[PDB]
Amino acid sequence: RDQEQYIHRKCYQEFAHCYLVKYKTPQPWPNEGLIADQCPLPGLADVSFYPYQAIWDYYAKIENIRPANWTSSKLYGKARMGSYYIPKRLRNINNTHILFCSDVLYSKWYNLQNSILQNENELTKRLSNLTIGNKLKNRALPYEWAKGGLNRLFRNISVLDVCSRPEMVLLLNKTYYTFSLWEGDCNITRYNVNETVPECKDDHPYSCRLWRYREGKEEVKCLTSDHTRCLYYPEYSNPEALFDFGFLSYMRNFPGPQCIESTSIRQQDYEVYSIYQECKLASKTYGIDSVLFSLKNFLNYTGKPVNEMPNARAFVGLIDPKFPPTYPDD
């Protein structure tokens, strides 16, 4: 009978937006610190005027009370306080692949105003028209991922993505771009702002000023004998007062300084395989049930199922996975 529809339905409901990205070589995120001023911060006492930003999971939050001989490096490595600390598990040299199940990276053909029927149909059509086996043609990808890219399935990643999808950016960005209003970045100080920024000849109170000024060396001062409760002094100024300065500056709400520097993270072409296309292909040989079982287990490669992870966060690193998985000969 026309088995095709059952295989489509099952493969789609389990693996539609699941993909496997192979780095040319294992190259992890290179710094412990992430400078992303474009994301709003929680602000004073966390009474936040913005919805929860996922990147806040990695926020190096300044605390006023610290023990007597406390340094930021004890908790956040080389990261700046008030920026973000990338934990070791998100910059792991051993990780050769990135597995994700998310629709946030589809280009404009996919848009949630349409009926789900349209989007389902269009995605399966495009995948069939864009795959050699289970491997995507380079034209499906961003050119930044693979030479020949024409965004025919995936969009380019953006500056604001890191705020809602930090793991995706950390694991998949070919290049790290800073967005900074910190004093000293790009040799911009509180003294030469009227000279480095063209449009400043000296209105929003945020105009032509920096966000974080360097106040001095980081230190802990103890004014009691109680050395467990001492006062912390950050190196740069505290951003709670001006919690959305960087975001508002990124939206070009006012003129002023902006520092953007690039760092090449991963070189050479990505390869990308569609788990859905592999489901549909292997089903005609080994049967839908075993293909389903084996690819579900592959999605559980780390003990946490990637497709049971939130759509914005379902991006995981893998160490030398066998793909396709062995299919049971039953």
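Sequential numbering from 1, following the sequence displayed.
In terms of unmodelled positions of the deposited sequence, the stretch from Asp202 to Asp203 in this entry skips 4 to 9 residues. When the mean C-alpha temperature factors of 153-161 and 223-231 are read from the deposited coordinates, 223-231 comes out higher. In this entry, 205-213 shows the higher mean Cα temperature factor of the pair 120-128 and 205-213. As recorded in the entry, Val197 carries the highest CA temperature factor of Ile93, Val197, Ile86, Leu172. Highest CA B-factor among the listed residues (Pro67, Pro26, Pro40, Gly33): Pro67. In this PDB entry, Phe100 carries a Cα temperature factor that places it within the lowest third of its chain's modelled residues.
The entry lists a Cα temperature factor for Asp289 that places it in the highest third of the chain's modelled residues. When all modelled residues of the chain are sorted by CA temperature factor, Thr71 is found within the highest third.
Ranked against the other modelled residues of its chain, the C-alpha B-factor of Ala45 as given in the entry falls in the highest third.
In the deposited entry, the Cα temperature factor of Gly82 places it in the lowest third of its chain's modelled residues.
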